[PDB]
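Student: What follows is a single structure, and I will ask about it in a moment.
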Amino acid sequence: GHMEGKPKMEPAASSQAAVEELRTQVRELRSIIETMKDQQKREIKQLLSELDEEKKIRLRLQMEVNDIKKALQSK
Amino acid sequence: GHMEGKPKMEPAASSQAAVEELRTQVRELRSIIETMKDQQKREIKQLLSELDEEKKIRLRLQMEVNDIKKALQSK
Amino acid sequence: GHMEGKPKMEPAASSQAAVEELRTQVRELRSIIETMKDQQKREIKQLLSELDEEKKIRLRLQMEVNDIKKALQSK
């Protein structure tokens, strides 16, 4: 059972130990979210970098065609 | 020390205060994960948008070359 | 009120029920972070796949122009 307290409204032994254990899990969770954000952010950066390099090649190709079009239209 | 309860199996004072403090941290964690997901999702959207615009330029370049190839193959 | 314990330093009833409920929330949080990481990772994969296919088309366009340039420079 979990998240139950309707049929039980009285204190029990190991109350301090229970809270101490729960406190540790709470902090561990915050660390998980932080690390997860860093990992996801890293992947995003790599994706943007790839798109950047890709644009560089396309720009060069455009110039090559621009020269051919000029002469193709000439005379 | 943290997450300890083997050498301690008895209740202590401030039991209600301890739980109240732990409850606040639990909720704060859920909010962190939610916000983190939104931030990561935003970055993903921007990446897809960039790739979209990039494809638009490439398509235009393809048409320019298609015209030159036709005449290059003619006669 | 939440995260309060300065004006209260004494145990109360339902101490076991309070900890049991808090424990459930702690575990639920860990699951949220895990699922969130998977969702974000999926989106990243799709973005990389799109960039990959885009590069394939650009490469083909480059070859088409390379042939036209050769003849354009000839004679």
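Protein chains in written order, with PDB author numbering: chain A, 591 to 665; chain C, 591 to 665; chain B, 591 to 665. Even for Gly, the Cβ is constructed at its ideal location relative to N, Cα and C.
Using the Cα positions of residue 656 (chain B) and residue 645 (chain C), report the straight-line distance between them to the nearest angstrom.
Tutor: 21 Å
Student: Among C:597, C:598, C:604 and C:600, whose alpha-carbon lies nearest the alpha-carbon of residue 598 (chain B)?
Tutor: C:604
Student: Tell me the rounded alpha-carbon separation between residue 595 (chain C) and residue 607 (chain B).
Tutor: 17 Å
Student: Just to make sure I have the definition right: I need the residues of chain C whose C-beta is within less than 8 Å of the C-beta of residue 619 (chain B). Which are they?
Tutor: 616, 619, 620 and 623
Student: Output, in chain order, the set of chain B residues within a Cβ distance shorter than 9 Å of residue 613 (chain C).
Tutor: 592, 593, 608, 611, 612 and 615
Student: How is residue 639 (chain B) classed by DSSP in three states: helix, strand or coil?
Tutor: helix
Student: Just the C-alpha distance for residue 661 (chain A) and residue 626 (chain A), rounded to the nearest angstrom, thanks.
Tutor: When only Cα atoms are considered, residue 661 (chain A) and residue 626 (chain A) end up about 55 Å apart.
Student: Mind checking the segment 645–665 of chain A against chain C and listing, in chain order, the residues whose C-beta falls within less than 7 Å of any C-beta there?
Tutor: 645, 648, 651, 652, 655, 658, 659 and 662
Student: Going along chain F in order, which residues have a C-beta closer than 8 Å to the C-beta of residue 605 (chain C)?
Tutor: The structure shown contains no chain F; its protein chains are A, C and B.
Student: For residue 660 (chain A), does the three-state DSSP call read helix, strand or coil?
Tutor: In the structure shown, residue 660 (chain A) sits in a helix (DSSP, three-state: H, G or I).
Student: What three-state label does DSSP hand residue 607 (chain B) in the structure shown?
Tutor: The DSSP-derived three-state label of residue 607 (chain B) is helix.
Student: Is residue 635 (chain A) close to chain B? Criterion is C-beta to C-beta, closer than 8 Å.
Tutor: Against chain B, the CB of residue 635 (chain A) has no partner CB under 8 Å away; the residue lies outside that interface.
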